[PDB]
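> Structure incoming, see below.
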4 protein chains.
Amino acid sequence: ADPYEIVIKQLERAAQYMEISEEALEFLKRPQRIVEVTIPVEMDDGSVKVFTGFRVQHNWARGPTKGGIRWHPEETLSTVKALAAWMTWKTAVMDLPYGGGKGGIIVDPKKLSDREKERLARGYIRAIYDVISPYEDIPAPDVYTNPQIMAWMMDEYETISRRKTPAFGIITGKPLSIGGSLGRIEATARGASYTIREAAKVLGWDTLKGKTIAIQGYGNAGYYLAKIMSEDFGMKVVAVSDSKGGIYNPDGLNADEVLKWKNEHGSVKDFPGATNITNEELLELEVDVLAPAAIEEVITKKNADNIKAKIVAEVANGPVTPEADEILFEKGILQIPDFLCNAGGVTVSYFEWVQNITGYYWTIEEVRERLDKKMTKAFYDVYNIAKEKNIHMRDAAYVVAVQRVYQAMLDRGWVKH
Amino acid sequence: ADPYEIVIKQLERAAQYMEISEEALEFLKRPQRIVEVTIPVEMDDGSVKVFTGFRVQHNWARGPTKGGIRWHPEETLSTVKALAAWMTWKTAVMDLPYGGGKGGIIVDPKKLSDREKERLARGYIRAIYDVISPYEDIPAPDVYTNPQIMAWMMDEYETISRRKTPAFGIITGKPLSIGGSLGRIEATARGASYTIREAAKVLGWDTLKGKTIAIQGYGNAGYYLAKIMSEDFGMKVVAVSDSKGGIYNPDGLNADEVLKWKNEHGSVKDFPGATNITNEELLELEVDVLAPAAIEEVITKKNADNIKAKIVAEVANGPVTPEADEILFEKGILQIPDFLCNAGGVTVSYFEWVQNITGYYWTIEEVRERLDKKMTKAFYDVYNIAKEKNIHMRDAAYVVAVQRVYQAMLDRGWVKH
Amino acid sequence: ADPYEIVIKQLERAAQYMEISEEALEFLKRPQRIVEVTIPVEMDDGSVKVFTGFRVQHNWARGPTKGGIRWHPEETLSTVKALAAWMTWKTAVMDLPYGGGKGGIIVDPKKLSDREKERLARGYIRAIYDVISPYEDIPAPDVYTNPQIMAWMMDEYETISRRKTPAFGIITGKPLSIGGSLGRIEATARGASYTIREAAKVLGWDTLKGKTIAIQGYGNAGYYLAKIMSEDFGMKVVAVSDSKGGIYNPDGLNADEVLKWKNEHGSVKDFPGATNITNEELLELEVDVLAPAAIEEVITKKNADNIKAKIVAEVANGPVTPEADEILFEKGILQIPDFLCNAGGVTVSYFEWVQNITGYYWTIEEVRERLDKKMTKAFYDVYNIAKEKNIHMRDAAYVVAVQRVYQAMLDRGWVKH
Amino acid sequence: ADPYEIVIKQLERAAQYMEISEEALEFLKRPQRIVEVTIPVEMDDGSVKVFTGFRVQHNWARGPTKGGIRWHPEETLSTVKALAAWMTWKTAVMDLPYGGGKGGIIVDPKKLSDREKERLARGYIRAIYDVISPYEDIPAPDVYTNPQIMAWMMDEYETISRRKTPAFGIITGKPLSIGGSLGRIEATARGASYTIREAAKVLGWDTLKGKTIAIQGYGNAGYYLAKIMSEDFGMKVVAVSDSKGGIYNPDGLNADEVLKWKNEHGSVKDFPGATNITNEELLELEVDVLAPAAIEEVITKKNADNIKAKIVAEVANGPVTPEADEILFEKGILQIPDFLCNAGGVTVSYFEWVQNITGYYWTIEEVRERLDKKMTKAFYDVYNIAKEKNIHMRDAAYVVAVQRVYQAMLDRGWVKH
C-alpha cells in the first residue's frame, strides 16, 4: 500500500543478503494485530464529533511493541502500518526487548481546543485499553502529539487499570513530574553523536576536534546536534540551514547564538557574520560530516554525485534515496543509516520504561552513559556485517534487524523454518 | 465499500422517515471497533501459513455485539463491516439486548484438512481474545462455519479464560453436548412461520388452512418452512424449487418426500406426479404466499410486475430489490422484510446464550413458545409504524431498529442530540 | 450521628423482642465499609471544581448491598450511614438476597448543567469503582438522581470494566433502552396495594370494593396508588392532597383527571369536581384506609388521637411518630410500616438486576405477579409475629429483619454467638 | 479536623510564597480517598470483637501513596487525614515517585494477645484489600506497629492476591527473612547525618570533626545519631537525654556505653561518666548542633530565646513551634525542618519497595550511598529557595513540596490552572 508497499520492498532486499524462509518472510510482511476505532469527542460546542483512530502492533516476538502516536489530517492506516514495521526494525537493530508498534488519529489538531484535545486523548485510550499494557504495547509521542498528550493518556490509563499495574510504564515521552526521564529532549542528537564518533574512528580519524560538520535542519535534532558536536566534540559547525535557508562560516557557527537568531528572525537566514546559502548548496559543501536532519529525499540520483562529505549521518528519516545510496557507497562515503543513526530517541524511551517499571529513576549522566554503550554496540553490530559481507551499511542494518526478529520467531515456534 | 456503501444508504433513507441528529447518523455510520489479525496456522505439511481475519463490533449501545463468523476466500473487511451494521438493525428490530457484530477469515476452507481447520479456529480465538467475552461479543456460525467450528472455538476460549467466566456463553450455534440449544436447526423457518401467521391475520385471512404457498429454495429453511406451513398450518405447498429448477403440484407436495427425492436425485426436479417448472415461473405462480428462500435479487424491476402473491415472506436475505419494492407496495402486496422475517435464528441464538449464562436449559416447547412471542411482537412493532406512517414494511423496519439504537446512544450520553 | 443515633435506638428496640447477642448487636451498629472520596469536575467555565462523595456498605451478610444515591446540598455522612442501615432492614424484611448500602454527593444539582451533571456522575463511578460490582454493591436513583443519571453511571462502569462482567447489572432504575425493567414507575404504589389487600383480609373485610381511602401526597406514589386502588380494587378515592392542599369527594375522585388538573394548575387544590380541605383534615377523615404518601411525621401525639382510619398504609418514610404508634396501636389501628409498605420499589429493583444478570427480560404481568408474591409473603411474615407477640407491626418488622441478618452472620462465622 | 485544620494552615502559608491556583489549593485540602472499615476479631475468649480502621489516600499525583499504620487507643480519622497530607509533602520534598497515605486502627494493642494482634492485622488487610497494591498504596509500620505486624499483613495480602503480583512489595518495614531492606534501623539518624553534614558546609564550617552536638531523646533515632555523629563524623556528643533526664560531658559521651547504661538502669540519667542535667538545660547548651529527637514542641516562645546552637536538626516531628521559628530565624539559627531532616526513613522504605519489585537486593553500602545522594539533593533543593527568597527553611520546604505536587496535577489534567 504505497508506503506500506515500500517496506515489503525493503524486506525483500535484505532477504537477498541473508537466509530466511518464505514462511518467515510472509509472516513479517503482515502486522500481527491492528485495531481501528471510532472515538467520540464532545466538542466545546456541546455536540459530539467522532474521529477515526488506529493502533497497529506489527510484531512482538522480541518483546512488547513500542512506537509513537501521530495526530494528523492526512493520516491513513497504510502509513501507520508502514511505520509500525519500521519500529520493528529499529528496536531490533538497537537490540531492545521490544517489537514495533505505531498509532495515529485522523484529525487536524490545530482546530481543537485543549479541552478537546484532552478529550480526544483520553478517548483514544478508552477505545484501545484492551490491547495495551506496560508489558504489551507502549506508545510515545510523534507528529503533533507531545508530553502533555502523553500525560493525559497515562492518567486515563491509570484510571481504568485501577493502579493495579505500573501505570507510569504504559507510555513514554512523559513530563518529568510523572515519570518522565531526563535526557529526552537531547536524545536523538546525543545518540547520533556517538555514532559519528565511532564512524570517525573506523574511518581512521585522529579526532573530531577541529573537524567540520554541516547540518541541514535547525530543529531540536538540528540544534542539539550542532551544540553537542561543537561543545562536546570540538568540531566546527560551519553551516546550518532551516526551511528558509542555510548560512556559512568557516570559522564555525555558535549553536545557541544561531539559535536565538532563529528565534528573533524566524530563519537562520541572515545571521550576522555569515554568508547565506541554499539548501542544495549546503548539501554539497566540502565537509568532513554532512548531517541531514530535516526532511527526506534530499540526497538523490541528481545530487548524489556532488556530495563531498566523508560521513553522511542520517538524523532525519529517509534523507538519502536508494540510488543515491549506491553512488555514495561507490564513492567511498560512509553512511550512518537513519534507523540506526537517529535511534537515540527510542533508546531513551526504553530507559524511561525501565525506570517506570523498576520505580528507580536515573541521572542525566547515567542516561548518557548507558545510551553511549547502546549506540556504540549497535553501530558495531552493523558495521561488522557490512564489512563482513561487503555491503552498504543500510543493507547491513536490515540484515541485523531481520535476523534478530526472525530468530525470535523461530525460537517461539511462530514459524517452523 | 460498495456493500458498506450500501448500508450507509439504508441509514440515510430511514432517516427521512424519522427524526435523528447528524451527530447520531455520523456515529451510526462508523463501526465502533475493528480488529484485524494475522493467524499463523501450522499446516499438515509442517510449514506455517498465515491467514487474515477480522472481527468487527459495529455498535454495542444496546448490549453485547452478536453475529457469525464467515470462512470464505473472497471475504473482505468491507463486507464484514457491512454485515455487522446489519446485525445491529436486526437485533434492534427483534428487541434483543444486543448490538451488532461480525467476523471473517479470508480462507478457502475446502483446501484445509480438519486438523488445519481446527488450528485455524483456535488461532482466531487466540488472536481476538481480548475483545470477546460472554458480556461483550458473542460469535456464531456463518458461511462455511458450523457447530464443529464453534465447539473448537469455545474450547480454546475456555482454555484461555481458565473457567473463570461462563465459557459456554462465549459463542452460540454449539453442539448440544456442550451447551447448544434445542430448536436451532428449524429456527429460521419456525420464526418465518409465525410472521406469516400474523401477516394473514392483518390481511384479514380467515385461516391459513388450505392456503397456498410457493417456496423458492429447498435447503434447510426452504425445506423446514415447507414442512411447517403444511404440517402445522394446513397450507398447500404447490411448488418448491432448487437451483436446478421447480416442481408444481396444485394438490400440495409432501415436504419429506420431496426432500427424500432431492437427496437421492440432487434436485426436486422430476419429482413424480408433479410438473416441472422454472424458478422464474415459480415466482409467478398465483399463490397466497410466496417465500423466496434461496438467493437474492430474484424479484426485480423486470418481474416485480408478475408477482401474484398476496404475501411475500423474505426468508433469504435481499431477494427483492428497491425498484421492485416500490411496485409491489403499489400493487398492495404485503412484504415481510428479510431481517424481520428470518430473525428466528438470531433469536434462538439469544435463547442459547441465556441458557448458557443461567446454566438452565430449555425444552423445545419452551424454545418454540418464547420464539413465537418474540416474533409476534417484532411483527406488530414493524407493522404498526408501517400503517401509521403509511410506508413500506422495510422502511418501517429500519425506523423501529434505528430508533432503538439511537435512543440507547442518547441515554448513555454517546451523542448529545 | 443523630440520624445515625436514631438507628441504634431502633436496633436496641427489636432487641427487646428477640434474643440476640451483644457481639451481633455491636457488629450491626457499625457499617462494614465506608468510602468517602473527592470528585473533581471540570466545569463549564473550564475551571475544576471538587465535590465530596460517599458510598456506605452497612452489611452484606445476606448478599450484595443495595441502595440509592442522593444528590443534595445538605447530605452528610451520618445520614447516608443511617439510610444504609435502613436498606439492610428493608431488604431483609423482603427476604431479598441483598444487604443494605447507600451513597450521596454533597451538591446542589440545581446549579449544574447537564454536562456538569454527566461529569459528576461519571466521576463518582471513577472514584468508587473498586468497591462496586454486580455481585458486590448495586446502586439506584434517589433524591435528585434519576434514570438519566443512572445511565451515565452504568456507561462509565462499562467503560472501565471492559465488558467483562454483566455491566447492565451494576445499578438499577435504568432507562429501558438499556436494561431498565418494566414496572418501575408504579412499583411503590403497586407494592403497597398488595399489602392493603392483605391487611383488609386479615381485618376480616369482605372486599375493598366500595371501601374508602384518603391519600396524602400526589406524587408518583400518591397518584399511582389512587389510580390503582380505584381502578384495580374498586375503592373510592375520597380525598387526595399535595403541599398546597387537599380536595374531597365522597363519591370518589378520578385520579387521572385530578392528575391533569394538578398538572395545569400546580395543585390538586380547587379541582372543580370536589371541595377543598386541608392536609390536617385529610388525616382525620373517616375513611377505611389512610395512606400518608407525602412526608414524615404527619401523625404525632398531637393528632394521633384523631385518626379514624382502620388501616394506615405508610407509603412515605416515617409519617407516624413513635408516640403516635402507641396510641394507634391501643386504638386497634393496623399500621403497615413504611419499610414494609413501600418496599415494592426495592423489590422491583431486585427484579431489574435479575433480568440484567440473566439477560432475559420480563413482561409487566410477570413483574406484577412476582411482585405480588413477594409482598404478600413479607406481609404475613410480619403480621404473624405481631399477632403472636401482641406487638406493634413496626416492632414485628424489625424482629423479622434483624433476625434474618443475624442468622446469616452466625452462619458465616462473622459473630460466634 | 483541628489537627486536620492545622494542615490547611500550612498549605495556606506556602501559598504566600508561591503562585498557585485556588482550584489546586482546594483540591489539595481534601484527601482523594478515605476508607473506614469495621474489623471483626475473634478473641481468645472465643467472642467476636469489632474494631474501627481507616486508610486515607491524600494525593497520588506523583505516584502510589506511601505511609504507616498506627495502632492507638485514641486514633481519630482527623489525625490520620492530617498525617496522610503530611506524607504527601514529605515524599515530594524528597522527590520520591509517591504520594502520601496513612492508616490507623483505634485499638489499645497493650490489651491484645499476639494471636489477637495477628488476627487484627490480617483483618485490616482483608478489609482494605481493594484499595491497595504495590503500585497503588504501600503501607509501613508506625505507632505501635512493627515488622512483625507488617509480616502478617504481607502474608494475608499474598494469600488473597494469589501470588500474581509482586507481594513482597505491598508494604515496607518488613523483616529481612521476607524482603526487608538492610539499613532500616539506622535510616532516620543516618539520613539526618547527611543533612547536618551539608548544613555545616553551607555554614562555612571547616569540618564537623571536633564540633559538638546535644541530642534530646535516646531512642533509635537519638542513639543512632549520637553513634553516627561521633564515630562517623568525629563530633563530640556532649549530652543526651531521655524522659527521665539528661547527662553531660564536654569531652563527649560514648553512645554505646550510654546505651548499655540506659538499658540496665532505664535512663541515661546517673551515667557514671558524666554529670546530670535536665532536658531544658540540654536545649540551652552551647553546642554547635542541637538535635531534638524526642518529642514535639520543646522549643517555643518561652525558651526559643535561649537557644545557643548554630544548627537545629529537627529529628523528631514538630519540636519547634512557629513562634519559635521566627525567633530563631532572626537570630540566624539554621533549622533543618523535621519533614526534611528525618526523611531518611521514608527514603529507605522507598528503597525496600524497589528491591522488592525488582527482586534484586542491595548491600548496606549501596543503601547508604543512595541515601546520601537523595538527602543531599533534597537539602539543596530546599536551601536554595530559602536563600533566594530569604525565607525560613520550613517555608522553603513546603514551597518545594507543593509545587511538585501541584505541577504533577496540572500535567495530569486534574486541575486546569
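Chain identifiers are assigned as A, B, and so on, following the order in which chains appear in the C-alpha cells; residues are numbered from 1 within each chain, and ligands are numbered from 1 in order of appearance.
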Any idea which chain A residues end up within 7 Å of chain D if we count only C-alpha atoms, as a list in words please?
residues 148, 151, 152, 155, 163, 164, 165, 166, 177, 178, 358, 359 and 360 of chain A
> Write out the residues from the selection above, keeping N, CA, C and O atoms, as an mmCIF file, in the first residue's frame.

data_model
loop_
_atom_site.group_PDB
_atom_site.id
_atom_site.type_symbol
_atom_site.label_atom_id
_atom_site.label_comp_id
_atom_site.auth_asym_id
_atom_site.auth_seq_id
_atom_site.Cartn_x
_atom_site.Cartn_y
_atom_site.Cartn_z
ATOM 1 N N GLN A 148 2.379 16.546 26.962
ATOM 2 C CA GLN A 148 1.124 16.869 27.552
ATOM 3 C C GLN A 148 0.051 15.867 27.206
ATOM 4 O O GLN A 148 -0.786 15.446 28.011
ATOM 5 N N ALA A 151 0.706 12.589 28.994
ATOM 6 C CA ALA A 151 0.260 12.670 30.399
ATOM 7 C C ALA A 151 -1.240 12.410 30.555
ATOM 8 O O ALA A 151 -1.697 11.702 31.455
ATOM 9 N N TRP A 152 -2.011 12.971 29.633
ATOM 10 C CA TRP A 152 -3.438 12.766 29.708
ATOM 11 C C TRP A 152 -3.784 11.291 29.458
ATOM 12 O O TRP A 152 -4.694 10.714 30.074
ATOM 13 N N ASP A 155 -2.887 9.189 32.444
ATOM 14 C CA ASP A 155 -3.843 9.360 33.520
ATOM 15 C C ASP A 155 -5.116 8.584 33.293
ATOM 16 O O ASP A 155 -5.708 7.994 34.208
ATOM 17 N N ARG A 163 -4.659 1.229 39.191
ATOM 18 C CA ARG A 163 -3.411 1.269 39.947
ATOM 19 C C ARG A 163 -2.945 -0.122 40.367
ATOM 20 O O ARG A 163 -2.190 -0.384 41.327
ATOM 21 N N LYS A 164 -3.419 -1.067 39.554
ATOM 22 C CA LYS A 164 -3.060 -2.442 39.861
ATOM 23 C C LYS A 164 -1.872 -2.854 39.035
ATOM 24 O O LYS A 164 -1.418 -3.987 39.063
ATOM 25 N N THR A 165 -1.375 -1.929 38.239
ATOM 26 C CA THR A 165 -0.252 -2.241 37.371
ATOM 27 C C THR A 165 0.668 -1.018 37.362
ATOM 28 O O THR A 165 0.238 0.021 37.847
ATOM 29 N N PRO A 166 1.910 -1.104 36.925
ATOM 30 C CA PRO A 166 2.758 0.092 36.972
ATOM 31 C C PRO A 166 2.335 1.050 35.840
ATOM 32 O O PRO A 166 2.876 1.018 34.732
ATOM 33 N N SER A 177 7.273 15.461 35.912
ATOM 34 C CA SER A 177 6.561 15.414 37.169
ATOM 35 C C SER A 177 5.915 14.037 37.386
ATOM 36 O O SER A 177 5.578 13.641 38.498
ATOM 37 N N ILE A 178 5.726 13.277 36.310
ATOM 38 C CA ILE A 178 5.068 11.999 36.484
ATOM 39 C C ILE A 178 5.758 10.890 35.760
ATOM 40 O O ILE A 178 5.180 10.171 34.939
ATOM 41 N N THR A 358 10.727 -0.183 37.195
ATOM 42 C CA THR A 358 11.509 -0.506 38.387
ATOM 43 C C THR A 358 11.297 0.475 39.543
ATOM 44 O O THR A 358 11.722 0.193 40.670
ATOM 45 N N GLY A 359 10.696 1.625 39.232
ATOM 46 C CA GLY A 359 10.405 2.681 40.184
ATOM 47 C C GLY A 359 11.665 3.446 40.591
ATOM 48 O O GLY A 359 11.647 4.222 41.530
ATOM 49 N N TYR A 360 12.778 3.184 39.924
ATOM 50 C CA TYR A 360 14.024 3.831 40.270
ATOM 51 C C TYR A 360 14.459 4.721 39.136
ATOM 52 O O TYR A 360 14.678 4.267 38.023
#
> Show which residues sit within 8 Å of residue 29 in chain D, as a PDB file with N, CA and C atoms, in the first residue's frame. Count only C-alpha atoms, and ignore same-chain residues fewer than 6 positions away.

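As written to disk, out_21.pdb reads:
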ATOM      1  N   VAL D   7      -3.470  21.654  58.875  1.00  0.00           N
ATOM      2  CA  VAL D   7      -2.850  21.422  57.574  1.00  0.00           C
ATOM      3  C   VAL D   7      -3.247  22.475  56.572  1.00  0.00           C
ATOM      4  N   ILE D   8      -4.514  22.764  56.632  1.00  0.00           N
ATOM      5  CA  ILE D   8      -4.861  23.791  55.708  1.00  0.00           C
ATOM      6  C   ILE D   8      -3.935  24.964  55.973  1.00  0.00           C
ATOM      7  N   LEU D  11      -0.689  24.756  54.355  1.00  0.00           N
ATOM      8  CA  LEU D  11      -0.842  24.850  52.929  1.00  0.00           C
ATOM      9  C   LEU D  11      -1.073  26.313  52.523  1.00  0.00           C
TER      10      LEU D  11
END
> Write down as an NGL selection string the residues belonging to range 272-353 of chain B that are assigned helix (DSSP H, G or I) by DSSP computed on the backbone.
:B and (279-282 or 304-306 or 322-330 or 338-341 or 344-353)
> I need the residues in range 248-353 of chain B that are strand (DSSP E) according to DSSP; give them as an NGL selection string.
:B and (248 or 275-277 or 289-292 or 311-313 or 334-336)
> For residue 176 in chain B, work out the shell of residues within 12 Å, counting only C-alpha atoms and skipping chain neighbours fewer than 4 positions away, then give it as a ChimeraX atom specification.
/B:147-148,150-151,168,172,180-185,352,355-356,361-362
> May I have the selected residues written with N, CA and C atoms, as a JSON list (two decimals), in the first residue's frame?

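And here is the file that came out, part-v5.json:
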[["chain", "number", "residue", "atom", "x", "y", "z"],
["B", 147, "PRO", "N", -21.22, -25.83, 13.78],
["B", 147, "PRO", "CA", -21.18, -26.21, 15.18],
["B", 147, "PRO", "C", -19.84, -26.76, 15.63],
["B", 148, "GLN", "N", -19.23, -27.50, 14.73],
["B", 148, "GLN", "CA", -17.93, -28.05, 15.00],
["B", 148, "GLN", "C", -16.87, -26.99, 15.20],
["B", 150, "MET", "N", -17.53, -23.97, 15.98],
["B", 150, "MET", "CA", -17.93, -23.27, 17.18],
["B", 150, "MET", "C", -17.38, -23.98, 18.39],
["B", 151, "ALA", "N", -17.46, -25.29, 18.41],
["B", 151, "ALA", "CA", -17.00, -26.03, 19.56],
["B", 151, "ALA", "C", -15.50, -25.86, 19.77],
["B", 168, "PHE", "N", -19.31, -21.42, 28.13],
["B", 168, "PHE", "CA", -20.24, -21.92, 27.13],
["B", 168, "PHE", "C", -20.90, -20.73, 26.48],
["B", 172, "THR", "N", -22.44, -19.04, 20.13],
["B", 172, "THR", "CA", -23.65, -19.86, 20.02],
["B", 172, "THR", "C", -23.61, -20.74, 18.80],
["B", 180, "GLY", "N", -25.35, -26.39, 23.41],
["B", 180, "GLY", "CA", -26.15, -25.91, 22.31],
["B", 180, "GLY", "C", -27.60, -25.90, 22.79],
["B", 181, "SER", "N", -28.44, -25.26, 22.01],
["B", 181, "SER", "CA", -29.84, -25.21, 22.35],
["B", 181, "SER", "C", -30.68, -26.04, 21.42],
["B", 182, "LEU", "N", -31.74, -26.58, 21.98],
["B", 182, "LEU", "CA", -32.67, -27.26, 21.11],
["B", 182, "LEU", "C", -33.34, -26.19, 20.24],
["B", 183, "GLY", "N", -33.84, -26.59, 19.06],
["B", 183, "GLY", "CA", -34.60, -25.70, 18.15],
["B", 183, "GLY", "C", -33.72, -24.93, 17.20],
["B", 184, "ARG", "N", -32.44, -25.22, 17.23],
["B", 184, "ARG", "CA", -31.53, -24.42, 16.42],
["B", 184, "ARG", "C", -31.70, -24.62, 14.92],
["B", 185, "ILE", "N", -31.77, -25.86, 14.49],
["B", 185, "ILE", "CA", -31.95, -26.13, 13.07],
["B", 185, "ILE", "C", -33.24, -25.61, 12.41],
["B", 352, "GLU", "N", -29.99, -19.43, 23.34],
["B", 352, "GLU", "CA", -28.86, -20.32, 23.64],
["B", 352, "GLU", "C", -27.93, -19.65, 24.67],
["B", 355, "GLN", "N", -29.51, -19.58, 28.14],
["B", 355, "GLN", "CA", -29.39, -20.88, 28.80],
["B", 355, "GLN", "C", -27.97, -21.11, 29.29],
["B", 356, "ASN", "N", -26.99, -20.59, 28.55],
["B", 356, "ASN", "CA", -25.61, -20.83, 28.94],
["B", 356, "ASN", "C", -25.22, -20.03, 30.18],
["B", 361, "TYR", "N", -31.21, -25.20, 30.99],
["B", 361, "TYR", "CA", -31.57, -25.45, 29.60],
["B", 361, "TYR", "C", -33.05, -25.65, 29.30],
["B", 362, "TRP", "N", -33.56, -25.18, 28.19],
["B", 362, "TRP", "CA", -34.98, -25.34, 27.93],
["B", 362, "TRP", "C", -35.37, -26.51, 27.01]]
> Would you pick out the contacts of residue 78 in chain A at 8 Å or less, using only C-alpha atoms, so that residues sharing its chain but fewer than 3 positions from it are not included, and give the list as a PyMOL selection string?
chain A and resi 1-4+81-82
> Find the spatial neighbours of residue 248 in chain D, counting only C-alpha atoms, within a cut-off of 10 Å - ignore same-chain residues fewer than 6 positions away - and output them as a list in words.
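Result of the neighbour search: residues 214, 237, 238, 239, 240, 241, 269, 271, 273, 274, 275, 276, 277, 278, 282 and 285 of chain D.
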> Just C-alpha atoms for this one: save the residues we selected as a compact mmCIF listing (two decimals), in the first residue's frame.

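Dumped to again02.txt:
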# COMPACT_ATOMS: atom_id res chain seq x y z
CA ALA D 214 23.46 17.74 72.01
CA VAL D 237 28.46 14.09 71.77
CA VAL D 238 28.34 16.23 74.82
CA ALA D 239 24.90 15.49 76.11
CA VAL D 240 21.99 13.09 75.53
CA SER D 241 18.75 12.81 77.42
CA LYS D 269 20.40 9.54 83.94
CA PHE D 271 25.56 7.55 84.00
CA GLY D 273 30.96 9.03 83.26
CA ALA D 274 29.00 12.25 83.19
CA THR D 275 27.07 14.82 85.22
CA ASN D 276 23.29 15.12 85.18
CA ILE D 277 21.34 17.88 83.52
CA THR D 278 17.73 18.49 82.62
CA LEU D 282 20.10 20.36 77.43
CA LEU D 285 23.57 24.16 75.96
> Rounded to one decimal in Å, what is the spacing between CA of residue 106 in chain A and CA of residue 75 in chain A?
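According to the coordinates, CA of residue 106 in chain A and CA of residue 75 in chain A are separated by 5.2 Å.
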> May I ask for the distance between CA of residue 99 in chain B and CA of residue 38 in chain A, given in Å to one decimal place?
15.6 Å
> Report the distance between CA of residue 340 in chain C and CA of residue 34 in chain C in Å, rounded to one decimal place.
26.0 Å
> If you count only C-alpha atoms, which residues fall within 10 Å of residue 116 in chain A, apart from same-chain ones fewer than 3 positions away, as a list in words?
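With the cut-off at 10 Å, the set is residues 41, 42, 43, 44, 109, 111, 112, 113, 119, 120, 121 and 122 of chain A.
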